[PDB]
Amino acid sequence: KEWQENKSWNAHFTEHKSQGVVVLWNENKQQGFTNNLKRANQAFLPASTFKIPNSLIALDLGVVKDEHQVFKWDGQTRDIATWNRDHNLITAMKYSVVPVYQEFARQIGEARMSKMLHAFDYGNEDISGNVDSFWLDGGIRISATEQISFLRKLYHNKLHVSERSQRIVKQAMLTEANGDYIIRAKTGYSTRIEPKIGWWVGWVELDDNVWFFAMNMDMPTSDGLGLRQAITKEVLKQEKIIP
């Protein structure tokens, strides 16, 4: 009853002819739920979900002064139009602006990046590859359950970076809020290395509880990117976490 398998959630994947895992962690009850215990512990490239620890490290080291500091567009036109403009940390997270985060990684450098991921206990802690692309096509690997462990430390300000760094990244993770819930989260789509997968990791703040979540799914084409959030919400709805 610590970690419970609910195979009924597979219907939310099979409805879309898809396969994946959703992991939930009920913070008040200290109980975890997943449709697939094995896939819940399978490690993948973090892709854009790495923007969480990258943001934290950049802030703690003063590579990023605050969430208002402007990162000037380098004038190279890329396939994603929202990237071809100046950004701050809020918009860089919202639009997953890779080039901004690659520049952070170069200024952090390999020695500080490696040490800080070890201090974070982050996935396999392995930065092997390019200092500015290892989370896209390098050695780093993290499971859904390891995303939850990391996110629980961030939520509680327990990572070995400044409280201020943690509050700024949690602000930048803000995705959705209304009168029922707040979602702080980060999407990712890993396409450089097989298998192509989509992530959504974060948490749902309720009045008197927090539900952490980490989901990934097979994403052979960009068609189904909306399924990351739609399937997670169908699970949260089934479990009565959100109306």
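One-based numbering along the sequence shown.
The PDB entry reports B-factors from which the mean C-alpha value can be compared for 70 to 78 and 160 to 168; the larger average falls on 70 to 78.
The stretch with the higher mean CA B factor, choosing between 51 to 59 and 188 to 196, is 188 to 196.
Going by the entry's values, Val131 shows the largest Cα B-factor out of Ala144, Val131, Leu154, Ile90. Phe150: CA B factor lies in the lowest third for its chain, per the PDB record. Ranked by Cα temperature factor within the chain, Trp83 sits in the highest third according to the deposited record. When the modelled residues of the chain are ordered by C-alpha B-factor, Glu125 sits in the lowest third. Among the modelled residues of its chain, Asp208 has a C-alpha B-factor that falls in the highest third, as given in the PDB entry.
Compared with the other modelled residues of the chain, the Cα B-factor recorded for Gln31 ranks in the highest third.
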